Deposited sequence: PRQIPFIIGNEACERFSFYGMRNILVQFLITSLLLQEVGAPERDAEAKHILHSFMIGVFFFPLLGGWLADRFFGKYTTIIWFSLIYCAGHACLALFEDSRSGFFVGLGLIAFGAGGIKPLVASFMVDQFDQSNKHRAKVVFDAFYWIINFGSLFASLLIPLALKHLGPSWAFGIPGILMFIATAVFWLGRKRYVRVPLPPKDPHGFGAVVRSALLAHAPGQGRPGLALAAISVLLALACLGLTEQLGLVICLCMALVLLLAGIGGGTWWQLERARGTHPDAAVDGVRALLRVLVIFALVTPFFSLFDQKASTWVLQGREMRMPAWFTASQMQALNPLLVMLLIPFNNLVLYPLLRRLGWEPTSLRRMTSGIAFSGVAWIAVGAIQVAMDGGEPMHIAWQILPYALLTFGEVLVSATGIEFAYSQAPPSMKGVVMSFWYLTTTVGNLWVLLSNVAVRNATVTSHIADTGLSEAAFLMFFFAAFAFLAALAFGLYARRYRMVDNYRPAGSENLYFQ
C-alpha cells in the first residue's frame, strides 16, 4: 500500500528519537543542576527516580491513548495529537534545559505523547491492508523489528557522543528534530490512510464479562468478589495520602497495583456467575486472561532489572576505565546488537538443539529461564561493583558480560511473554493482553522506585554500611536475589499451568 512508507518513516524517526533521549537522560542528569540532592548516592537515587518515573508514564499512558482512539477519535487523530504533545515535550527540554520545572514538564509531555501513540502505531499500520491481505502486515512487522533495533543501536552510539562533545542542546536537540520529522512524515500521508470505524461495543467483551461477574448475585452467598474489589478501590484512594513520604508517581502506581489485584482477584472469585449472561467462550476467555495477568505479574521483576541498564548500569559505567572518546551511555548499544544476534541464535541453533536433545524449550520454560538469567546478569553487575569498591580498576568492556546475560534473558522472557499470552487468550481480546503487557513494565519500574525509597531509610542505610558493600553493590545483589525469587515463583506457577492454545497464527514486534 502506497501509505505504508509514511508509517515506516514515522516509526523509524520516533523510535530513534525515543531511545536517543532516554539512553542519555541519566548521564545528562547526574552532572546537571537539575538534581536537588547534594550527596553522590542520593543524586544516583534521584537520577534513577526521574528515569524510572518517566518509564512508568511511557508504559502507563497507552491506556489513555487506546481509550481515546477506540471510543472517540480513531487512531489517525489520536496519533497526530499525542505526537504534537510529544514534540512540545522535546521543545521543553530545549527551552528549559537549565530549569528543573520546565525540563520535568518536558519529560512529562514526552512520557504522555510516547505512551499515548504506543498501542496505536502498529494497529493503524495493520488497518492499511484490506481484510483479505491482513497476513501481508507480517512483512511490515518484520521491518519494525529491524527499525527498532538499528534505531536503538545507532541512537545509543551517536546521541551520547553529541552529549559528551557538543552538549545538551545538541544531544536533546537531535531526537527533538527527528520527532518533528516523524510527526511531519505521518501527517504527509494523511490523505492516503484507511481510517476504520471505532471498534463496536462488544456485549461479550472483557469489560462487560468482568462487570457481569462482579455485579451478578448468587442465592445464599452474597458478593465477596465485589467486596474485595470495593476494598481495593478504598486502599487505592488511601495511597494518594502517602504523597509526602513516597511522591505522587509511587502512590499512583501502588494504587494501580491494588486495583489490578482486587478487581482481578474479585472477578476470579465470581467469574462463574457470568456463565448465563455470556456465551462461555467469553467467560473462559476472561478466565484465561486472568491466568495471564498472574504470569505477567510474576514477570514484573524482569523489567525492574531490564530497565535499569539506562540508569544503574550507566552510573556504574561512568566510574569504569574507558578511552577519552568513549562514554558510559554508549554501552546501551549492546542490547539491540545482542537481540539481533540472539533472536536467530536461539531460533536457529539453541531451540532446535534443545528439541533434538529431549528438553523441549516450551514458552513457560523459556520465560522461567529468562527471569533467572536476568538474575545471573545482576550477579555479574554486583561482582563488577565489588571489584570497583575494593580499588580495582575495571574497564567498561566488563559490562559486555551482564549485557550478554541480560539480553539472553530478555530474548527468553520478553520476546516469549507476549506471544505466549496471545496463544492463550481469545484473539478478539488481544488489546487487553497488550494493555496488561505495557503495565508489566510500569509495575517493574515501580519496584525500582520502591527500592530507592527503602535504601534512603537511615535504618536500612546503617544495615548497608555494616554489610561491607557500597549502596550500589548492595542494590545490585538485591535485584539479583529478587529475580531469582521471581524465577522460582514463576516456575512453581508455570508447573501447574495448563496450556490451552487458541490455534490462531500470529510477531517479532516485542520491543
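Missing from the model, relative to the deposited sequence, is only the range 507-509.
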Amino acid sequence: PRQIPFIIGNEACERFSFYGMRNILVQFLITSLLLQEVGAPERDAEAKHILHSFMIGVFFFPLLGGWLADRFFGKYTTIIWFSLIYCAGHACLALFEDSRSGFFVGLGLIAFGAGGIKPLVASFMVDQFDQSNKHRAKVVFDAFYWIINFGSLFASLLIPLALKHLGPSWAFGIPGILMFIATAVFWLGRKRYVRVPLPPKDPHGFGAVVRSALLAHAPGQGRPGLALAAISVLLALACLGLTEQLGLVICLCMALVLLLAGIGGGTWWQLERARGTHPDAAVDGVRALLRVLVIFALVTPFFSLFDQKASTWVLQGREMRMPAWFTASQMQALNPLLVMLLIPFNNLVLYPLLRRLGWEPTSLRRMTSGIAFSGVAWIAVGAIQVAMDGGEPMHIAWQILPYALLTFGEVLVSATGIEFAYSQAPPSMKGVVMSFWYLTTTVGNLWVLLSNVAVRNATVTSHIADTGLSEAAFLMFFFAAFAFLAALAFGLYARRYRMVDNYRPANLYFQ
From here on, numbers count along this sequence of modelled residues.
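The PDB entry records a higher mean C-alpha B factor for 452-460 than for its counterpart among 475-483 and 452-460. Taking the mean C-alpha B-factor of each stretch as recorded, 296-304 and 266-274 are not equal, and the higher mean is that of 266-274. Across 382, 189, 205, 151, the entry's maximum B-factor at the CA atom is seen for 205. Taking the deposited Cα B-factors for 118, 366, 223, 195, the highest one is held by 223.
When the modelled residues of the chain are ordered by C-alpha B-factor, residue 402 sits in the lowest third.
Residue 309: CA B factor in the lowest third of modelled residues in this chain (values from the PDB entry). In this PDB entry, residue 64 carries a Cα temperature factor that places it within the middle third of its chain's modelled residues. Per the deposited record, the Cα B-factor of residue 346 falls in the highest third when ranked against the other modelled residues of its chain.
Among the modelled residues of its chain, residue 470 has a C-alpha B-factor that falls in the highest third, as given in the PDB entry.
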